[PDB]
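Novice: Sharing run_31.txt below, compact mmCIF, N, CA and C atoms:
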```txt
# COMPACT_ATOMS: atom_id res chain seq x y z
N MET A 6 0.86 -1.18 0.00
CA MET A 6 0.00 0.00 0.00
C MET A 6 0.90 1.24 0.00
N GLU A 7 0.35 2.41 0.30
CA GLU A 7 1.12 3.64 0.32
C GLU A 7 1.04 4.33 1.69
N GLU A 8 2.20 4.62 2.27
CA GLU A 8 2.30 5.35 3.54
C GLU A 8 1.64 4.65 4.73
N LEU A 9 1.88 3.35 4.87
CA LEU A 9 1.34 2.61 6.01
C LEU A 9 2.35 2.62 7.14
N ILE A 10 3.60 2.31 6.82
CA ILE A 10 4.66 2.29 7.83
C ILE A 10 4.90 3.68 8.45
N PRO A 11 5.02 4.75 7.63
CA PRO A 11 5.18 6.05 8.28
C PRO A 11 3.98 6.49 9.11
N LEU A 12 2.77 6.12 8.69
CA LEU A 12 1.55 6.49 9.43
C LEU A 12 1.52 5.85 10.82
N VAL A 13 1.83 4.56 10.88
CA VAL A 13 1.85 3.82 12.14
C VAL A 13 3.02 4.31 12.99
N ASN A 14 4.08 4.77 12.34
CA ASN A 14 5.20 5.38 13.05
C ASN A 14 4.72 6.60 13.82
N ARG A 15 3.82 7.37 13.22
CA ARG A 15 3.28 8.56 13.87
C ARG A 15 2.40 8.15 15.05
N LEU A 16 1.66 7.06 14.87
CA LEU A 16 0.80 6.53 15.92
C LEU A 16 1.64 6.02 17.08
N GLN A 17 2.69 5.28 16.74
CA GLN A 17 3.62 4.76 17.73
C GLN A 17 4.30 5.90 18.47
N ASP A 18 4.70 6.93 17.72
CA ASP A 18 5.33 8.10 18.31
C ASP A 18 4.35 8.82 19.24
N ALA A 19 3.10 8.92 18.81
CA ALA A 19 2.07 9.59 19.60
C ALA A 19 1.81 8.80 20.89
N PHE A 20 1.81 7.47 20.78
CA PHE A 20 1.58 6.61 21.93
C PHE A 20 2.80 6.52 22.84
N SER A 21 3.97 6.72 22.25
CA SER A 21 5.22 6.63 22.98
C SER A 21 5.42 7.75 23.99
N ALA A 22 5.08 8.98 23.60
CA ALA A 22 5.44 10.12 24.43
C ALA A 22 4.49 10.35 25.59
N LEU A 23 3.25 9.89 25.47
CA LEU A 23 2.31 10.09 26.56
C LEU A 23 2.12 8.78 27.30
N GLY A 24 3.24 8.11 27.59
CA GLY A 24 3.29 6.86 28.33
C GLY A 24 2.13 5.87 28.39
N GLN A 25 0.96 6.22 27.87
CA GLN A 25 -0.17 5.30 27.92
C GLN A 25 -0.03 4.24 26.84
N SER A 26 1.11 3.56 26.87
CA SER A 26 1.36 2.40 26.04
C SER A 26 0.91 1.15 26.78
N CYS A 27 -0.40 0.95 26.85
CA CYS A 27 -0.97 -0.26 27.41
C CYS A 27 -2.05 -0.64 26.42
N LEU A 28 -2.48 0.41 25.72
CA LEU A 28 -3.42 0.40 24.62
C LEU A 28 -2.67 -0.01 23.36
N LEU A 29 -1.36 0.18 23.41
CA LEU A 29 -0.48 -0.03 22.28
C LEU A 29 -0.11 -1.51 22.22
N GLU A 30 1.12 -1.80 21.83
CA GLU A 30 1.55 -3.17 21.57
C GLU A 30 0.70 -3.69 20.40
N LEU A 31 0.20 -2.74 19.61
CA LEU A 31 -0.57 -3.01 18.41
C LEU A 31 0.39 -3.53 17.33
N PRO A 32 -0.13 -4.00 16.17
CA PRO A 32 0.75 -4.71 15.22
C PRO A 32 2.06 -4.00 14.85
N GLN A 33 3.15 -4.73 15.05
CA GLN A 33 4.51 -4.23 14.88
C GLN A 33 5.48 -5.39 15.08
N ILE A 34 6.73 -5.21 14.65
CA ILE A 34 7.72 -6.27 14.75
C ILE A 34 8.55 -6.17 16.03
N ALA A 35 8.62 -7.27 16.78
CA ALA A 35 9.44 -7.34 17.98
C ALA A 35 10.63 -8.27 17.77
N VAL A 36 11.81 -7.82 18.20
CA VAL A 36 13.04 -8.58 18.00
C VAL A 36 13.36 -9.46 19.20
N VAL A 37 13.40 -10.77 18.97
CA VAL A 37 13.69 -11.74 20.03
C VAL A 37 14.88 -12.62 19.68
N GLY A 38 15.88 -12.64 20.54
CA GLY A 38 17.07 -13.44 20.31
C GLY A 38 17.93 -13.58 21.54
N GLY A 39 18.75 -14.63 21.57
CA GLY A 39 19.68 -14.84 22.66
C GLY A 39 20.77 -13.80 22.68
N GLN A 40 21.43 -13.65 23.82
CA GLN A 40 22.53 -12.71 23.97
C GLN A 40 23.67 -13.04 23.00
N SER A 41 23.80 -14.32 22.66
CA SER A 41 24.84 -14.78 21.75
C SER A 41 24.36 -14.88 20.31
N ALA A 42 23.13 -14.44 20.05
CA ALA A 42 22.55 -14.56 18.72
C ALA A 42 23.09 -13.52 17.75
N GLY A 43 23.62 -12.42 18.27
CA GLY A 43 24.17 -11.38 17.42
C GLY A 43 23.09 -10.55 16.74
N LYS A 44 21.98 -10.37 17.44
CA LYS A 44 20.85 -9.61 16.90
C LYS A 44 21.22 -8.14 16.70
N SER A 45 22.17 -7.66 17.49
CA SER A 45 22.62 -6.28 17.42
C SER A 45 23.27 -5.97 16.08
N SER A 46 24.07 -6.92 15.58
CA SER A 46 24.76 -6.75 14.31
C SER A 46 23.79 -6.66 13.13
N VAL A 47 22.71 -7.43 13.19
CA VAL A 47 21.69 -7.42 12.15
C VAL A 47 21.08 -6.04 11.98
N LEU A 48 20.73 -5.41 13.10
CA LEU A 48 20.13 -4.08 13.10
C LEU A 48 21.12 -3.03 12.59
N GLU A 49 22.37 -3.16 13.02
CA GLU A 49 23.41 -2.22 12.62
C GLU A 49 23.72 -2.31 11.13
N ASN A 50 23.48 -3.48 10.54
CA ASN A 50 23.68 -3.65 9.11
C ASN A 50 22.53 -3.05 8.30
N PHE A 51 21.38 -2.85 8.95
CA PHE A 51 20.25 -2.19 8.30
C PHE A 51 20.56 -0.72 8.12
N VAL A 52 20.92 -0.06 9.21
CA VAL A 52 21.24 1.36 9.19
C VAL A 52 22.55 1.61 8.43
N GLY A 53 23.49 0.69 8.58
CA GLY A 53 24.79 0.82 7.95
C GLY A 53 25.76 1.61 8.80
N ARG A 54 25.41 1.79 10.06
CA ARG A 54 26.25 2.50 11.02
C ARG A 54 26.18 1.81 12.37
N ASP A 55 27.27 1.85 13.12
CA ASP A 55 27.26 1.33 14.48
C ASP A 55 26.65 2.37 15.41
N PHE A 56 25.60 1.99 16.12
CA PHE A 56 24.88 2.93 16.98
C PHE A 56 24.28 2.23 18.20
N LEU A 57 24.49 0.92 18.29
CA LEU A 57 23.99 0.15 19.42
C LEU A 57 25.08 -0.01 20.48
N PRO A 58 24.70 0.04 21.76
CA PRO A 58 25.64 -0.08 22.88
C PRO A 58 26.39 -1.40 22.90
N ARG A 59 27.67 -1.36 23.27
CA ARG A 59 28.48 -2.56 23.36
C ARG A 59 29.19 -2.64 24.71
N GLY A 60 29.25 -3.85 25.27
CA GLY A 60 29.88 -4.07 26.56
C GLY A 60 29.66 -5.48 27.06
N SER A 61 30.28 -5.81 28.19
CA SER A 61 30.13 -7.14 28.77
C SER A 61 28.74 -7.29 29.40
N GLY A 62 28.16 -8.48 29.26
CA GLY A 62 26.81 -8.73 29.74
C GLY A 62 25.79 -8.04 28.85
N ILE A 63 24.53 -8.05 29.28
CA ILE A 63 23.48 -7.39 28.51
C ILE A 63 23.58 -5.87 28.67
N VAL A 64 23.50 -5.16 27.55
CA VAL A 64 23.60 -3.70 27.57
C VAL A 64 22.24 -3.06 27.28
N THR A 65 21.42 -3.75 26.49
CA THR A 65 20.07 -3.29 26.20
C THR A 65 19.14 -3.60 27.36
N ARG A 66 18.73 -2.57 28.09
CA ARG A 66 17.91 -2.75 29.28
C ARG A 66 16.52 -2.14 29.08
N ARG A 67 16.33 -1.44 27.97
CA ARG A 67 15.04 -0.84 27.64
C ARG A 67 14.63 -1.20 26.22
N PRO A 68 13.32 -1.42 26.01
CA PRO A 68 12.79 -1.69 24.67
C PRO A 68 13.12 -0.55 23.71
N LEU A 69 13.75 -0.87 22.59
CA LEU A 69 14.16 0.15 21.64
C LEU A 69 13.29 0.13 20.39
N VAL A 70 12.50 1.19 20.21
CA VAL A 70 11.68 1.34 19.02
C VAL A 70 12.48 2.05 17.93
N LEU A 71 12.94 1.27 16.96
CA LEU A 71 13.78 1.79 15.89
C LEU A 71 12.94 2.01 14.65
N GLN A 72 12.74 3.27 14.29
CA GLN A 72 11.95 3.61 13.11
C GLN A 72 12.86 4.08 11.98
N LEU A 73 12.98 3.25 10.95
CA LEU A 73 13.84 3.55 9.81
C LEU A 73 13.06 4.21 8.68
N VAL A 74 13.57 5.34 8.21
CA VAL A 74 12.91 6.09 7.15
C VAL A 74 13.88 6.43 6.03
N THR A 75 13.56 5.99 4.81
CA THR A 75 14.38 6.26 3.64
C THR A 75 14.52 7.76 3.40
N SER A 76 15.76 8.23 3.31
CA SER A 76 16.02 9.65 3.08
C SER A 76 17.36 9.87 2.37
N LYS A 77 17.49 11.02 1.72
CA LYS A 77 18.73 11.36 1.02
C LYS A 77 19.82 11.74 2.02
N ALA A 78 19.41 12.35 3.13
CA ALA A 78 20.34 12.74 4.18
C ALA A 78 20.44 11.64 5.24
N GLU A 79 21.45 11.74 6.10
CA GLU A 79 21.66 10.73 7.13
C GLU A 79 21.77 11.34 8.52
N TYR A 80 20.77 11.08 9.35
CA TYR A 80 20.75 11.61 10.71
C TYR A 80 19.74 10.85 11.56
N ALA A 81 19.86 11.00 12.88
CA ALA A 81 18.94 10.36 13.81
C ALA A 81 18.40 11.38 14.80
N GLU A 82 17.25 11.07 15.39
CA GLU A 82 16.64 11.97 16.35
C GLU A 82 15.89 11.19 17.43
N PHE A 83 16.03 11.63 18.67
CA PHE A 83 15.31 11.03 19.78
C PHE A 83 14.13 11.91 20.18
N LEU A 84 13.04 11.27 20.58
CA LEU A 84 11.85 12.00 21.01
C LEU A 84 12.09 12.78 22.30
N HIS A 85 12.94 12.24 23.17
CA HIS A 85 13.28 12.93 24.41
C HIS A 85 14.36 13.99 24.15
N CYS A 86 14.84 14.04 22.91
CA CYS A 86 15.76 15.09 22.47
C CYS A 86 15.07 15.94 21.41
N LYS A 87 14.00 16.61 21.83
CA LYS A 87 13.18 17.45 20.96
C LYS A 87 13.99 18.39 20.07
N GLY A 88 13.81 18.23 18.76
CA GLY A 88 14.42 19.13 17.79
C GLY A 88 15.88 18.89 17.48
N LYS A 89 16.57 18.14 18.33
CA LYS A 89 17.99 17.88 18.13
C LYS A 89 18.23 16.85 17.04
N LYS A 90 19.19 17.13 16.17
CA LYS A 90 19.55 16.23 15.09
C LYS A 90 20.92 15.61 15.34
N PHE A 91 20.97 14.28 15.36
CA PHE A 91 22.23 13.57 15.54
C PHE A 91 22.83 13.16 14.20
N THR A 92 24.06 13.57 13.95
CA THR A 92 24.75 13.22 12.71
C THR A 92 25.90 12.27 13.02
N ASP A 93 26.28 12.22 14.29
CA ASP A 93 27.31 11.30 14.75
C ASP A 93 26.65 10.09 15.41
N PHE A 94 26.74 8.94 14.76
CA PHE A 94 26.13 7.72 15.27
C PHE A 94 26.88 7.18 16.48
N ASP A 95 28.10 7.65 16.69
CA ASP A 95 28.85 7.33 17.90
C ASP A 95 28.28 8.08 19.10
N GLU A 96 27.67 9.23 18.82
CA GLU A 96 26.99 10.01 19.85
C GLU A 96 25.63 9.39 20.17
N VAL A 97 25.03 8.76 19.17
CA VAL A 97 23.73 8.10 19.33
C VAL A 97 23.77 6.97 20.36
N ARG A 98 24.78 6.11 20.27
CA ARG A 98 24.94 5.02 21.23
C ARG A 98 25.16 5.55 22.64
N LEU A 99 25.93 6.62 22.77
CA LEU A 99 26.19 7.22 24.08
C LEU A 99 24.93 7.83 24.68
N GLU A 100 24.04 8.32 23.82
CA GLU A 100 22.79 8.89 24.29
C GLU A 100 21.84 7.79 24.76
N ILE A 101 21.85 6.66 24.07
CA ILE A 101 21.04 5.51 24.47
C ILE A 101 21.49 4.98 25.83
```
When written as structure tokens, how does the structure in this file appear?
Specialist:
Amino acid sequence: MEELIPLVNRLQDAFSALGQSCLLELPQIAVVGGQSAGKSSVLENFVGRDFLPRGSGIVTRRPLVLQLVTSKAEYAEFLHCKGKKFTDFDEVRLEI
């Protein structure tokens, strides 16, 4: 169809910021894998940049909603970082 993924992204974003995500958990993809499965590398190969935390033991302690949008430019933005544009993906991991 046309504009389904970006539309639901807006819905997810709208549901994300006003914490009432109990109504949510609506259709979307959830990533499940062992610590040794290397699921982090798969995601990093999608973006084409390293931006996920690395360290001994589990580093991901919060559910990460990763919304990928095709664009000519390359940057990232956090909802809790209103208006700020990240161009350094090494800064992105540190922010997470």
Novice: What separation in Å, quoted to one decimal, exists between atom C of residue 61 (chain A) and atom C of residue 34 (chain A)?
Specialist: 24.2 Å
Novice: List as a count of residues only the protein and nucleic acid residues near residue 57 (chain A), meaning an atom at most 8 Å away when only N, CA and C atoms are counted, but skip any in the same chain fewer than 4 places from it.
Specialist: 11
Novice: What's around region 18-32 of chain A at 12 Å? Count only C-alpha atoms, leave out sequence neighbours fewer than 5 positions away in its own chain, and write the answer as a compact mmCIF listing (two decimals) with N, CA and C atoms, keeping the file's coordinate frame.
Specialist:
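And here's selection_14.txt as it stands now:
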```txt
# COMPACT_ATOMS: atom_id res chain seq x y z
N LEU A 9 1.88 3.35 4.87
CA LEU A 9 1.34 2.61 6.01
C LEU A 9 2.35 2.62 7.14
N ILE A 10 3.60 2.31 6.82
CA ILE A 10 4.66 2.29 7.83
C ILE A 10 4.90 3.68 8.45
N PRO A 11 5.02 4.75 7.63
CA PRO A 11 5.18 6.05 8.28
C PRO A 11 3.98 6.49 9.11
N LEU A 12 2.77 6.12 8.69
CA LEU A 12 1.55 6.49 9.43
C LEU A 12 1.52 5.85 10.82
N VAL A 13 1.83 4.56 10.88
CA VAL A 13 1.85 3.82 12.14
C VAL A 13 3.02 4.31 12.99
N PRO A 68 13.32 -1.42 26.01
CA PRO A 68 12.79 -1.69 24.67
C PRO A 68 13.12 -0.55 23.71
N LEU A 69 13.75 -0.87 22.59
CA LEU A 69 14.16 0.15 21.64
C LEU A 69 13.29 0.13 20.39
N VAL A 70 12.50 1.19 20.21
CA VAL A 70 11.68 1.34 19.02
C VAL A 70 12.48 2.05 17.93
N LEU A 71 12.94 1.27 16.96
CA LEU A 71 13.78 1.79 15.89
C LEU A 71 12.94 2.01 14.65
N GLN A 72 12.74 3.27 14.29
CA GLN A 72 11.95 3.61 13.11
C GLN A 72 12.86 4.08 11.98
N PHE A 83 16.03 11.63 18.67
CA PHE A 83 15.31 11.03 19.78
C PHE A 83 14.13 11.91 20.18
N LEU A 84 13.04 11.27 20.58
CA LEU A 84 11.85 12.00 21.01
C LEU A 84 12.09 12.78 22.30
N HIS A 85 12.94 12.24 23.17
CA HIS A 85 13.28 12.93 24.41
C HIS A 85 14.36 13.99 24.15
N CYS A 86 14.84 14.04 22.91
CA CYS A 86 15.76 15.09 22.47
C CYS A 86 15.07 15.94 21.41
N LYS A 87 14.00 16.61 21.83
CA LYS A 87 13.18 17.45 20.96
C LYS A 87 13.99 18.39 20.07
```
Novice: Give me, please, the distance in Å between atom C of residue 15 (chain A) and atom N of residue 74 (chain A), quoted to one decimal.
Specialist: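 Value for the atom C of residue 15 (chain A)-atom N of residue 74 (chain A) distance: 13.4 Å.
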Novice: Taking the chain letters and numbering used in this document, name the residues of chain A that DSSP puts in helix (DSSP H, G or I), as a list in words.
Specialist: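 In chain A, DSSP puts these residues in helix (DSSP H, G or I): residues 10, 11, 12, 13, 14, 15, 16, 17, 18, 19, 20, 21, 22, 44, 45, 46, 47, 48, 49, 50, 51, 52, 94, 95, 96, 97, 98, 99 and 100 of chain A.
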Novice: Just how far from CA of residue 43 (chain A) is CA of residue 14 (chain A), in Å to one decimal?
Specialist: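 Computing it gives 25.7 Å between the two atoms.
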Novice: Point out the residue among A:16, A:73, A:42, A:81 with the least atom-to-atom distance to residue 56 (chain A), counting only C-alpha atoms.
Specialist: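 Nearest candidate to residue 56 (chain A) out of A:16, A:73, A:42, A:81: A:81.
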Novice: Box along x, y and z, 8 Å on every side, all listed atoms of region 71-90 of chain A inside: centre and edge lengths in Å to one decimal, as AutoDock Vina command-line options.
Specialist:
```
--center_x 16.8 --center_y 10.2 --center_z 12.7 --size_x 25.9 --size_y 33.9 --size_z 39.4
```
Novice: As a short mmCIF file (atom, residue, chain, number, x, y, z; two decimals), keeping the file's coordinate frame, could you write out region 71-95 of chain A once it has been completed with N, CA, C and O atoms?
Specialist:
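Output (out_4.cif):
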```cif
data_model
loop_
_atom_site.label_atom_id
_atom_site.label_comp_id
_atom_site.auth_asym_id
_atom_site.auth_seq_id
_atom_site.Cartn_x
_atom_site.Cartn_y
_atom_site.Cartn_z
N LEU A 71 12.94 1.27 16.96
CA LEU A 71 13.78 1.79 15.89
C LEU A 71 12.94 2.01 14.65
O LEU A 71 12.46 1.05 14.04
N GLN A 72 12.74 3.27 14.29
CA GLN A 72 11.95 3.61 13.11
C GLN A 72 12.86 4.08 11.98
O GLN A 72 13.44 5.16 12.04
N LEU A 73 12.98 3.25 10.95
CA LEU A 73 13.84 3.55 9.81
C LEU A 73 13.06 4.21 8.68
O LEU A 73 12.04 3.69 8.24
N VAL A 74 13.57 5.34 8.21
CA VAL A 74 12.91 6.09 7.15
C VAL A 74 13.88 6.43 6.03
O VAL A 74 14.91 7.07 6.26
N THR A 75 13.56 5.99 4.81
CA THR A 75 14.38 6.26 3.64
C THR A 75 14.52 7.76 3.40
O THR A 75 13.52 8.48 3.30
N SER A 76 15.76 8.23 3.31
CA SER A 76 16.02 9.65 3.08
C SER A 76 17.36 9.87 2.37
O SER A 76 18.24 9.02 2.42
N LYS A 77 17.49 11.02 1.72
CA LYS A 77 18.73 11.36 1.02
C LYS A 77 19.82 11.74 2.02
O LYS A 77 21.00 11.48 1.80
N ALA A 78 19.41 12.35 3.13
CA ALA A 78 20.34 12.74 4.18
C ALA A 78 20.44 11.64 5.24
O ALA A 78 19.62 10.73 5.28
N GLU A 79 21.45 11.74 6.10
CA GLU A 79 21.66 10.73 7.13
C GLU A 79 21.77 11.34 8.52
O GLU A 79 22.75 12.01 8.84
N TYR A 80 20.77 11.08 9.35
CA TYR A 80 20.75 11.61 10.71
C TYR A 80 19.74 10.85 11.56
O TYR A 80 18.88 10.14 11.05
N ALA A 81 19.86 11.00 12.88
CA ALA A 81 18.94 10.36 13.81
C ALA A 81 18.40 11.38 14.80
O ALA A 81 19.01 12.42 15.04
N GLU A 82 17.25 11.07 15.39
CA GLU A 82 16.64 11.97 16.35
C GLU A 82 15.89 11.19 17.43
O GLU A 82 15.22 10.20 17.14
N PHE A 83 16.03 11.63 18.67
CA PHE A 83 15.31 11.03 19.78
C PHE A 83 14.13 11.91 20.18
O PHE A 83 14.21 13.13 20.12
N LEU A 84 13.04 11.27 20.58
CA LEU A 84 11.85 12.00 21.01
C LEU A 84 12.09 12.78 22.30
O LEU A 84 11.52 13.85 22.49
N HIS A 85 12.94 12.24 23.17
CA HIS A 85 13.28 12.93 24.41
C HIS A 85 14.36 13.99 24.15
O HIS A 85 14.72 14.75 25.05
N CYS A 86 14.84 14.04 22.91
CA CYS A 86 15.76 15.09 22.47
C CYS A 86 15.07 15.94 21.41
O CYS A 86 15.49 15.98 20.26
N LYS A 87 14.00 16.61 21.83
CA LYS A 87 13.18 17.45 20.96
C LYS A 87 13.99 18.39 20.07
O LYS A 87 14.75 19.22 20.55
N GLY A 88 13.81 18.23 18.76
CA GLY A 88 14.42 19.13 17.79
C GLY A 88 15.88 18.89 17.48
O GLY A 88 16.39 19.38 16.47
N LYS A 89 16.57 18.14 18.33
CA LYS A 89 17.99 17.88 18.13
C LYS A 89 18.23 16.85 17.04
O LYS A 89 17.56 15.81 16.99
N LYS A 90 19.19 17.13 16.17
CA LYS A 90 19.55 16.23 15.09
C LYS A 90 20.92 15.61 15.34
O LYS A 90 21.90 16.32 15.53
N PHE A 91 20.97 14.28 15.36
CA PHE A 91 22.23 13.57 15.54
C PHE A 91 22.83 13.16 14.20
O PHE A 91 22.18 12.46 13.41
N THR A 92 24.06 13.57 13.95
CA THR A 92 24.75 13.22 12.71
C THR A 92 25.90 12.27 13.02
O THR A 92 26.44 11.62 12.12
N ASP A 93 26.28 12.22 14.29
CA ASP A 93 27.31 11.30 14.75
C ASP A 93 26.65 10.09 15.41
O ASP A 93 26.06 10.21 16.48
N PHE A 94 26.74 8.94 14.76
CA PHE A 94 26.13 7.72 15.27
C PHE A 94 26.88 7.18 16.48
O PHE A 94 26.36 6.32 17.20
N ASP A 95 28.10 7.65 16.69
CA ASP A 95 28.85 7.33 17.90
C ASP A 95 28.28 8.08 19.10
O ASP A 95 28.42 7.65 20.24
#
```
